[PDB]
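Since every read-out is calculated from the coordinates, none of them should be taken as a lab result. Backbone-built Cβ (ideal geometry, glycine too); neighbour counts: all protein chains shown.
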Protein chains: 4
Amino acid sequence: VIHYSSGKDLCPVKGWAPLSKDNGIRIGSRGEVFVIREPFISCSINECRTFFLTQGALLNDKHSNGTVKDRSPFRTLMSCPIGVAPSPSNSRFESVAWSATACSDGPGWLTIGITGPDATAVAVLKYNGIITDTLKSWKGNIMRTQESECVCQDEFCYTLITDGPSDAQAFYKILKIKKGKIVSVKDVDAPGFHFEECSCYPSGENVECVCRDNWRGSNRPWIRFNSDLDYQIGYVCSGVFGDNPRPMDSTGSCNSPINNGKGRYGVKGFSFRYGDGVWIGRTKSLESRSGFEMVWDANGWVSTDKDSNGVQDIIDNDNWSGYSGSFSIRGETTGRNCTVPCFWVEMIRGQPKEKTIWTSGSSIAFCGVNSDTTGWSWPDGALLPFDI
Amino acid sequence: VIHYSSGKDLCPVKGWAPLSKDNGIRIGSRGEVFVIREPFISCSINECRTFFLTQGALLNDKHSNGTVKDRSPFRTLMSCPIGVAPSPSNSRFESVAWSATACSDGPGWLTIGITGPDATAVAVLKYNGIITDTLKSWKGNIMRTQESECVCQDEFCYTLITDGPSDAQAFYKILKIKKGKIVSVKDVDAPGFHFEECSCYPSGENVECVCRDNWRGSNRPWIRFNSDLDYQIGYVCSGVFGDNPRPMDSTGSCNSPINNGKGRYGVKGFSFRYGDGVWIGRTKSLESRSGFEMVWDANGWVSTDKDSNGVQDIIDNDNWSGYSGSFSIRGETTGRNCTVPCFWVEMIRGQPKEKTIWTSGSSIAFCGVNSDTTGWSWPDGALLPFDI
Amino acid sequence: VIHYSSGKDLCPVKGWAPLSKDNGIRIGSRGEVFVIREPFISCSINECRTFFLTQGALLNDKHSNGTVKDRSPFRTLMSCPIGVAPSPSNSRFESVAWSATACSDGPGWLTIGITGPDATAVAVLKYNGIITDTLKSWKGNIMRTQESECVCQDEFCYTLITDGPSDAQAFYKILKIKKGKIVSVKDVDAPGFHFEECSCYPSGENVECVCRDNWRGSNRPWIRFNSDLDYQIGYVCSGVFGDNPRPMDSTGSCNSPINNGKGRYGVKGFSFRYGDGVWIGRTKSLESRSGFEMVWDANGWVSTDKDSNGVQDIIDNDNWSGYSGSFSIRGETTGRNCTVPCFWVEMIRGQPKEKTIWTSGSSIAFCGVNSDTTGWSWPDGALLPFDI
Amino acid sequence: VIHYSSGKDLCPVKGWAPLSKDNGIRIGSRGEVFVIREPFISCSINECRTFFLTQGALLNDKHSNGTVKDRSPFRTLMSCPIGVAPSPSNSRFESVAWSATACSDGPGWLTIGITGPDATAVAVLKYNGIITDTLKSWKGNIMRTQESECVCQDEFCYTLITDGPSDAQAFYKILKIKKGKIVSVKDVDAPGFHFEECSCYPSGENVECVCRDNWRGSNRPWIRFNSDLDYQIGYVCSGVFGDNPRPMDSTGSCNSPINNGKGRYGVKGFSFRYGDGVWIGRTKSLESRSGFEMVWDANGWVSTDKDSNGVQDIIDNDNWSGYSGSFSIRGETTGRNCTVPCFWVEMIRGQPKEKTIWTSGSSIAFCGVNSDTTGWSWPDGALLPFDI
Ligand SMILES: CC(=O)N[C@@H]1[C@@H](O)[C@H](O)[C@@H](CO)O[C@@H]1O
Ligand SMILES: CC(=O)N[C@@H]1[C@@H](O)[C@H](O)[C@@H](CO)O[C@@H]1O
Ligand SMILES: CC(=O)N[C@@H]1[C@@H](O)[C@H](O)[C@@H](CO)O[C@@H]1O
Ligand SMILES: CC(=O)N[C@@H]1[C@@H](O)[C@H](O)[C@@H](CO)O[C@@H]1O
Ligand SMILES: [Ca+2]
Ligand SMILES: [Ca+2]
Ligand SMILES: [Ca+2]
Ligand SMILES: [Ca+2]
């Protein structure tokens, strides 16, 4: 009935409590389930939904051959209630796209789907399913975005967009959106920096995003910005590197990418700042997308220690993980005076690791909680290969 | 909460932005999906839905043999949210029909299904699923209609209906409907003209429709009419012929059908007038239903040039297309002071082209947008033949 | 928002217009569809739904073996929007029952499911899914009911129930229900009469039902009653016999069963009185459940002519039909000052006629309409046998 | 619109009327249905839903191998309308859990899912899908709960939780929850007693629960408590033992477990107190989970007779039963001044009894009713083995 207002800080967090798990791939063994990627959650005052990307093909069907390009004309953004299998029967259509972001300003939904050829990609903005605006590739090199929820406060929604090489220097922009309309956008001058698939959240009148450096950083770059779009950037200080691949924990860097031969590629991830502290979610393996854990490093944000203060296990290393992202449940939902931070974890199955003709994901999600919790292993559970 | 009012012009349009794609046929490879035809969109103040026709048979099932007549007692009009597969699980029933039209007057839905034997076809009118009226064949020769959404303004909804030979002179009627009730109807005297499957839209107190000539016109006939039903007809002036089949672009004709050996048959299509200008959506091939593009011809409506001013690619020629139609998103939806023009494209797969025992469609849709866009190819994506 | 009020007569009717067809069996060839029987429609001010009975088994599955008794502990009453396949995905649960009836008093739903052993059957009454009352077998011989919608006026809902031999004299009761509560019930003294599966409707302060005589009547028995339950009975005068089996049209009887060697068994059916006139829906065949037609006999109700005044074809004789019933759309729905009469037709496929291990139904429905219509053939369309 | 208030007694009950049956396993033979356990019902003022536990695997699919632990990271709590098959298409996600409870305080839903490793299990509390609180294992030995609905009155919801050996003495706690928040909790000192899977209900300002003793009681232990959490415990006096396994009916014990060599293990069950009387629902067999019946023992609660006063058959002994539980429909729903007691019955199929690689359940439910009823047999109906 009202919009998400700003000026709120994240809630106190001791440990993470399980919110949802869908077993999408296990169910897909026989049921009708879309081949997914990017199962990211986003909530409005009344609902939480999982958004994802599909090639428009179902599990255990030839059309899941995955010979196809990640960026194809068939890829669309869809959504469904959290916890349920992303089947064609309980999934809503969002937009044609091979890269996107979505979020609620409170009473409605903002979706941004980027589709088209690589040289001239276009983002189609929509407020409640209605095209409200569009942004075209300003650099001509695979324009892309969050693949995680954008953030809204005081009727305004913000996001980050990248265009350029995943090889080196790329170009970035922050957007300010009102009911699907683009009200100003800022160019981000971050020489040396590489921003991709940002996991954002709100923190008192500002918007903080912890992203992915695919150029040469094993540590993650972050950016915080104004409703005017005044910004600040840097990498997460902490030696508890949070990307993948990554070297062993060494002395970190708060303003530059730490390569160490493993800083090259990466994976979408998130982190939650808490003053000088930081919560780092990351894989267990240093080179593969397996296992996942949440690390609380009291200095994370200000220091460069490789020393933390607690680790909660989410998925053990004998199991597969994948994309990770942040989303928040607001005070307008929970009668609270703070924002509840949560995160979803993609659990990739199939190619290139396992021997299948396909590649899909399943998910689990967790939320803040300033009470007791437990670590454990909540893997995908599918038994591959399938009837391949 | 209120009805769609008149006196509004189409919004400014630079290029077309993707709105939805369903991948219905790709999903049908394993999922439960109806064999479709005519996937046309129609919106109410709060929702957009895709209406389509089914023989009541699912893809990859013997009942899809398609040996059956297009006009069978099994054919029904159904609808579903846009973007989702037209499965029996997410499709609503509209009416028994082998030819139809539907549209919203704002707060409700008007559906018209034509069923029965060829000699005595009957249109059953319904407002919100309740039979409100009926019209019977007045010529006794396959009475039929739009196969695209009708148009409503100031509580009144209008449509066009044809009865007679697809071979030559046919007979036409314009209807005026109020809450499913027929308030007057007009006979259209168009000697030399052949109107079929009209793609209509509203334009300030009037209703413009660009239809299909199956007799001998490679160019398309149009008609514009009053709320009193005073009308005007003619063909689209432009040399950029918009039907299929069609000869190469030559000098057009604003008041008569241009045959050139290819003016015979045809395909459902649409066009959007803009003063002396016109937006022409058409196939790429001159003789097959493949490829699709949107052409902006500044004189389209007044001149006969074969010269246009821009072409946006939708589906390339190596891929299949099919029926095309118009639908509009009103100001009561978008806070705008104009109407947003949009269009859907049917992508036929199977017979007679491909080697299958069936024939179905998939869809993609686009909307106006006075911002940046991109052309590309958004084909059906299904890999035929199926388990045939 | 308000209840269905009484004091309304049926609307004028020239012919019958198609309302819905589901193709349930054709879709069941591959999709998930319950094996049905009794697909009867019932509407509330805002919605029309099809109620049916299932053994809890799907088409093309071993559990559809139909070796099972019609009256089994697995049989339940369910419902779904009209026109859609009675799949487990779009069907709502109503009640455990092997015989039932349902109807809306306007704002809510009344369902009556009869289940249990033959000697001690019990009807469980529910208003909006909540058990409101119960009635037990008062004769101890397969207590049963309408298998068609009951009728409600001024908050009160009425139905008919039978207990006793289908072989000869049976015992009957009329009920008066208020919000699921039984407010009085009357015993019907009809010696010589045999009432089963009544197809009722409202007609100005009264409730008229045309039922089925399984004892020895080829013509149909009827009953009309007060809100006090004062009643009158008799058979439909007309020589245009409306049951199945039945002899050729001869001179009818207004107060007794006409046997003629074919008056034995029967099939559920309906008729609509209109003064001295009557609309008779019946099969085409005199001995099998095939073909269906609507006959208008101006004297039907008062005379015994075998002469009618018009016949509209619904399903031709080369095709299968089955149960038939009545339902009405009220003035509170249609802005009309009269009741719109409608009827649904069950189209049985499989055993005992066709060679399958199962037996199911599909449906089509029609409504009043005082405008133009057309007869035709709208059969089930399934191609048996199935993967049997 | 309002909350469930206290101070109400159970309604008068003569016999039990069938409310719902789902045939989930029969439908699962071909349709998409989750492998279930604990299909317990819980209602809010406007709706009744069946909650259940799934391993996230469908019937007739390899992932149903059931080689997996009951407590796995894949197990989740889900819900759906009563009577419908627990398919992925009509089931809502509730929470990640291998043990849970749920209930409505009137306008909303409270769900409690317990997940994680055995040594450190955690209950995640949620009000309307939003994590509101958490409780961790205080004894470190498989913390678990009701597996039946909790009870709410005057905005407060109560439940029982166990932690410790199923072998002997265990430790118990009663909780008081307000909108998902834990407002105080009490330790239950019950030396000699063993409480597990309690079937609770409200009875005038108090909450009565009849549970399961897995240590050495063939009779069932009960507990009643205050909104302050002042409590009283004991076993059900009656000689009509209500657990399984159990010895033949002997003289019972109101304050201690009656072993008799069969008091060891057990099964979830319920009972309804009525003054000195009690309604006992139990299996027919004394050692297997087969058959089910409801027994009315006028002294049940106060005496130790093996003499009852009436028995209603639900499922005969030639058929399988399983978990049993209680749920109530409040006065805020039924215009009544009392609470309507109801109960659901799980009907386990497969392992370890039958020869399949899986184990699932189906359900039937009944409600109070102070009118006529009938006993009978309403088994699961599935024909095993499946395509195994
Ligand atoms: C199960 C199947 O069809 N696998 C095929 C494979 O045989 C072929 O080499 C490849 C490339 O087109 O596409 C799929 O992976
Ligand atoms: C896969 C299949 O059954 N194809 C049949 C074909 O063999 C037969 O000639 C034809 C005409 O009845 O109907 C289908 O096309
Ligand atoms: C396809 C199939 O299983 N048919 C069987 C049949 O073989 C058996 O004689 C009968 C009686 O139990 O049950 C079904 O009709
Ligand atoms: C149908 C099937 O696959 N059954 C297998 C069985 O062969 C194997 O021994 C067991 C243990 O892993 O798992 C299932 O029960
Ligand atoms: Ca990196
Ligand atoms: Ca032509
Ligand atoms: Ca008879
Ligand atoms: Ca025991």
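Computed quantities for the displayed model
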item	result
Shape call, region A:60-163: gyration tensor on alpha carbons, a/c limit 1.5	oblate
Radius, Kirkwood style, for region B:229-388 when every pair of distinct Cα atoms is counted (Å)	16.8
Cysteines in chain D that, by Cβ-Cβ distance, have no pairing candidate under 4.7 Å	D:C80
Calculated P(r) of region C:232-310 - Cα pairs past 20 Å, %	21
Loop-located GluC sites (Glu not before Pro) in region A:309-356 whose Cβ has at most 11 other Cβ within 10 Å (DSSP)	none
Efficiency of FRET between B:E205 and A:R264 - r from beta-carbon atoms, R0 41 angstrom, step 0.05	0.05
Rough spin-label spacing in nm, given labels placed 7 Å along Cα→Cβ, for A:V302 and A:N370	2.0
Two-site FRET efficiency, D:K139 against D:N337, from Cβ-Cβ distance with R₀ of 51 Å, rounded to 0.05	0.75
Residues B:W138, A:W376, D:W215, sorted so that the one with the fewest Cβ neighbours within 10 Å comes first	B:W138, A:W376, D:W215
Loop chymotrypsin sites (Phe, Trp or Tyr not before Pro), region C:321-374 (other Cβ atoms within 10 Å of the site Cβ: 10 or fewer; DSSP)	none
Chain B, relative contact order in percent, only Cα pairs under 8 angstrom and at least six apart counted	18
Largest to smallest principal axis extent of the C-alpha atoms in region D:1-110, angstrom	49, 29, 22
Subset of C:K8/C:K176; B:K62/B:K268; A:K21/D:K181; D:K21/D:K268; A:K21/D:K69 violating a 21 Å alpha-carbon distance limit	B:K62/B:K268; A:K21/D:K181
Per-residue Cβ neighbour rank within 10 angstrom, fewest leading, B:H3, B:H194	B:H3, B:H194
About the Cα centre, charge dipole magnitude for the protein assembly as shown (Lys/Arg +1, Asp/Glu -1 at Cβ), debye	1440
Convex hull volume of the protein assembly as shown per residue (C-alpha atoms, cubic angstrom)	156
Rounded, prolate or oblate (a/c below 1.5 giving rounded, otherwise prolate when a/b exceeds b/c) for region C:44-88 by Cα gyration tensor	oblate
Cα-projected label distance for B:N226 with C:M248, points at 7 Å along beta-carbon direction, nm	6.1
Dipole in debye (nearest 20) - chain A, about Cα centre, beta carbon charges: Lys, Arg +1; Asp, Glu -1	740
FRET efficiency estimate (nearest 0.05) - Cβ-Cβ, B:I182 to C:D9, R0 25 angstrom	0.55
Distribution of pairwise C-alpha distances over region A:188-235, 10 Å bins, in %	29, 55, 16, 1
Unit charges on C-beta of K, R, D, E only; dipole of region A:229-305, Debye	360
Principal axis box of chain C, alpha-carbon based, largest edge first, Å	50, 45, 44
Inter-copy spacing of B:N65 label points, which lie 7 Å from Cα along Cα→Cβ, given in nm from shortest upward	3.0, 3.0, 4.2
Residues D:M248, B:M294, A:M143, C:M347, sorted so that the one with the fewest Cβ neighbours within 10 Å comes first	D:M248, B:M294, A:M143, C:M347
Nearby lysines by direct alpha-carbon distance to D:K262 (threshold 24 angstrom, same-chain neighbours under 8 apart not counted)	D:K284, D:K306, D:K353
